[PDB]
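Next up: just one chain, as structure tokens, the form deposited in one PDB entry.
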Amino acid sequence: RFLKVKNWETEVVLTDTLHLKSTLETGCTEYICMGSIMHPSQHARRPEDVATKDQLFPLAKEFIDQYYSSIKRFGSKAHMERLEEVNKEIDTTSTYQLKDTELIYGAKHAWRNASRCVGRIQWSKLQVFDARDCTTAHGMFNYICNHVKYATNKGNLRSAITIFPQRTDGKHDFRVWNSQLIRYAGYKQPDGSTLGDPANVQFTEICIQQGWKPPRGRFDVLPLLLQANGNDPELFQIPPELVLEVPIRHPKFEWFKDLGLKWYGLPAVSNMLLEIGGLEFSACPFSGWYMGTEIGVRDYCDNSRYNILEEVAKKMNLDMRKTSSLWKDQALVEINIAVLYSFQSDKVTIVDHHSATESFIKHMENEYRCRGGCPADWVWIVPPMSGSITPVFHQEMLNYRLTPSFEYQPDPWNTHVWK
């Protein structure tokens, strides 16, 4: 009827009514919680392929209603005309097209609704590039390049999303096959170990199999693998002057720069699906800026990622005989100091996990004030180091699925029929 959330550090209690608008299942039941399952649910708002009218139109009506409500209308002439125009359009094309205002509203609100995103205080400050006129991989490359340049902004990063044509029947999908716009290759070495980023060994192999000539380094920016209108994907090298990179150095450990580490500045997620009023934008790359832990904890220290902890600890002369010396924890901190120090020294936008989590608490408070709630996935919001010394650790969160939303989708190479 109304659920409260408490912050156990501050004793602030917030009352959530927004969850009454939740549309699709979380995966949880009264008898089992799936809050740590990465992909708990397959409940999707529309069937797999081109849906019937009684399937697509109710979702369309819901979103148009929501948008016109959002702008202090509902029932107005323009809203009632919009419904009938969406009605005729589905009647004659089995789909409908969003107005530019509706598209922008939907994209910002999918970011707003992203329960796993700690950076959502920025949600209304998103630059939306409408790419729905795109027809070819070359066009997608052009759009993505402009995205990267605008978003990077010589280090003063800007949040942006570029929205390619929506799904129609499923055989003409636009996809960015890359999971992120900028990632490093991963190479399976002859012995058995891995050079570069081990997460990308398979995508790297597709690219090589697709004709990419790997430089076979540890930080080879992958090509773009762009699919337009269901056709076979195409390789494009992003112009390197558009890929801003930060060499990682340490403010005290001078030997740290000699680890030869760098990272890219633009996190740009490109494998997710943006759903608005039953429409599915299968190619919608979006970018913001890094929280330092993403690089420094996960990218650098995950065992199946760059896995640098041991080498850093070595150089720090740490007791690595046993776990109880906390050599992993000590190196982990120094690595994340270096990552933040390097990005800040190069004037590349980055936020530490203390600032970001504090911002998110403030965002929650704003959202509960004006919206009646804020869906938040504690498992993802709490940073992967020093959790309890960040405010979000002590903050209860309600997780629910609002629409518009970003959704996961199958990797294209599991589903694409090659021509």
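Shifts are known only where both forms have a C-alpha. C-alpha atoms forming the largest set that superposes within 1.5 Å between two forms make up the rigid core. So that there is no doubt, residue numbering starts at 1 and follows the sequence shown.
A.B. asks: I want to check something about residue 42: across the other compared entries that model its neighbours, is it left unbuilt in at least a third?
C.D. replies: Residue status for residue 42: gap in at least one third of the other entries.
A.B. asks: On average, are the C-alpha B-factors higher in 257-265 or in 273-281?
C.D. replies: Higher of the two, by average CA B-factor, is 257-265.
A.B. asks: Please compare 382-390 with 63-71 and name the stretch with the higher mean C-alpha B-factor in the deposited structure.
C.D. replies: Looking at the recorded C-alpha B-factors, 63-71 comes out higher on average.
A.B. asks: Could you tell me which one of 182, 160, 78, 295 shows the highest CA temperature factor in the PDB record?
C.D. replies: Top of the list by C-alpha B-factor: 78.
A.B. asks: According to the deposited entry, which of 116, 149, 82, 120 has the largest Cα B-factor?
C.D. replies: Highest C-alpha B-factor among the listed residues goes to 82.
A.B. asks: Classify residue 201 as lowest, middle or highest third according to the C-alpha B-factor given in the PDB entry, relative to its own chain.
C.D. replies: Middle third.
A.B. asks: Sorting by Cα B-factor within the chain, modelled residues only, which third would residue 112 end up in: lowest, middle or highest?
C.D. replies: Lowest third.
A.B. asks: Within this chain, which third does the Cα B-factor at residue 357 fall in: lowest, middle or highest?
C.D. replies: Tercile = lowest for this residue's CA B-factor.
A.B. asks: Compared with the other modelled residues in the chain, in which third is the CA B-factor of residue 417?
C.D. replies: Its C-alpha B-factor, which the entry lists for residue 417, ranks in the highest third among residues of this chain.
A.B. asks: Which third of the chain holds residue 17 when residues are ordered by C-alpha B factor: lowest, middle or highest?
C.D. replies: Its C-alpha B-factor, which the entry lists for residue 17, ranks in the middle third among residues of this chain.
The same protein also has a form deposited in another entry, omitted here; what follows describes it.
A.B. asks: Superpose on the core and compare between this form and the one not shown; which one of 334, 299, 220, 234 crosses the 2 Å Cα shift mark?
C.D. replies: After core superposition, the single residue displaced by 2 Å or more is 299.
A.B. asks: Just to spell it out: taking the C-alpha atom of residue 309 and the C-alpha atom of residue 298, is that distance smaller or larger in the other form than in the structure shown here, given it changes by 3 Å or more?
C.D. replies: Compared with this form, residue 309 and residue 298 lie closer in the other form.
A.B. asks: What happens to the Cα distance from residue 270 to residue 299 in the other form: does it get closer or farther than here, with a change of 3 angstroms or more?
C.D. replies: The answer is farther, because the C-alphas of residue 270 and residue 299 separate from each other in the other form by 3 Å or more.
A.B. asks: As a test: superpose on the rigid core, then list the runs of at least 3 residues whose Cα atoms all move 2 angstroms or more between this form and the one not shown.
C.D. replies: Segments displaced between this form and the one not shown after core fit: 50-52, 296-307.
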